[PDB]
Every structure is written in structure tokens, then in C-alpha cells.
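This document opens with one chain alone, in C-alpha cells, the form deposited in one PDB entry.
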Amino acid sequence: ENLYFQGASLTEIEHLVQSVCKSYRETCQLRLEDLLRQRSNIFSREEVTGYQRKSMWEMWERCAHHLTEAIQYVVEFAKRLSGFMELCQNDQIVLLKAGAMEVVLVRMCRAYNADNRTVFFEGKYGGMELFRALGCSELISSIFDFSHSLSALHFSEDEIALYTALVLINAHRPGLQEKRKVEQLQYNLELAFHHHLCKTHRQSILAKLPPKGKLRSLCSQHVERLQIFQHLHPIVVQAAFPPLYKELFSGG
């Protein structure tokens, strides 16, 4: 059905690097140059206080909407990824349901400033204290620590492209019908990533990448905190949370 569902030559792996990087550049949501430029645009003490005084439900709704916006770009990235549209719809859904949030969490390191420990949120940079009204301090600091750890690797845009492609194309996701097809696509995407690292003398980052359990822990924590919020404000979730967010994190 697709070339990358079988064994690929060196020239075909080189083509895969270019294709993945193109798919990412076209769906990256915000340009790295735009994020870097806005690092000096930091929320004032008054602005931080304003976010802290928002209700728990209002903050959750705002955050769920922004995360939904980010996920939609991840869906477009998947659609443009070599071989993804050749998989059956069950498997496309399985991969996006398990991997969409993982991709957003990786992409977020671009929007994280390791120098002052701030993240780009609603037009400016703010520290983790900006999210205090959510009532999920552990989850927030775990996301900030993850972004700090990824930022220390000094990822290029091409590295984020290849790595996120691998985060999404995971043959171990429970529920995959055509597991062997996914395994071969994963193998080729692994070769594309490792080829690019070899070519750019960046193989030293391989031993520095987070273990797969790390992204799983973050997603499980997210689902857990959402459940706590849902019990407290069920109508807020039912009436005002984005439909896509609900389909991915609370089974519709």
C-alpha cells in the first residue's frame, strides 16, 4: 500500500527525512522564530495574579481549548506523514488517541524558555504559577520539568519533526489491527531519525532522550486530573469543553 510498509533503501530513507521535515514545517502551528522573538514578552506580576484569581473551571476550559488547537495541528501532521493515510481508520484513530497529546507535549519544548522557566501561553511568557487556579500543581510542574529536560537537548526543527513522527508511529499501541504494517513504518521512521542524527553528528542525543514511560506518565496524569475536575464541574465538561478534547481524554 506504501513503500515504507516494506524494507527501504538508503536513498528512500533520505527521501523519508525530507518528507517528514516538510510535513512538520507545514503543520508546526507557530514558527520557532516567532516563539524566540516573544521570549522578552513576559506576563507582569499583575497579569499573573489575574490568572491566579480566575475560577478553576474558567482556567480548565481556557487550557482545554488551547490544547485542542495544538492537537488539531498534530492531526494535520499525521495526515501528511508518509504511510499514515494508508493505515486503516481504526489504526489511524488508535495512533492519534494515544499519541496526539504526547506530540503536543514534545512540541511544547519550543515554546518553553529554559533561561527563566517560562512557557508561551495566550500571547506572553509565564511561569508555572500562572496555572495555579487549575489545582493540578504536580501535573503542571511535571510538564515544566519535561520541557526543561527536552530544552537541554537543543533540538533543531528537523529533530523535533523526526522524533514526533516516531512518538506518533508506535506499533506497541494497544488496539492496532495492522500491527506488522505499523512496525515496518516505525522501523523506517526510526532509520530516518537515526540517519539524520548520524549525518548531522547528533547521535549523542540518543542516550539523552526521555524513556517512553515518561510521556505515558504525563498523559496518564492529564487523564487523572481531568477526571478529578470532571467530578467537581461535570456540566462545565459536558457543555463547554471542546468535542475533540472529550473524544481523546474522556471517551466522548
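For the two forms, the rigid core is made up of the largest set of C-alpha atoms that agree within 1.5 Å on superposition. Just count from 1 along the sequence shown to find any residue number. Only residues modelled in both forms are compared.
Below: the form deposited in another entry, not depicted.
Measuring CA movement between this form and the one not shown with the rigid core aligned, the set 59, 67, 226, 197 has one residue at 2 Å or more: 226. Annotation: Cα of residue 17 displaced by less than 2 Å between this form and the one not shown, core superposition.
Whereas the displayed form keeps them at a certain spacing, the CA atoms of residue 236 and residue 134 lie at least 3 angstroms farther apart in the other entry. In the other entry, the CA atoms of residue 227 and residue 101 come closer by at least 3 angstroms compared with the shown structure. Segment displaced between this form and the one not shown is 226 to 241 alone (run of at least 3 consecutive residues, each Cα moved 2 Å or more after rigid core superposition).
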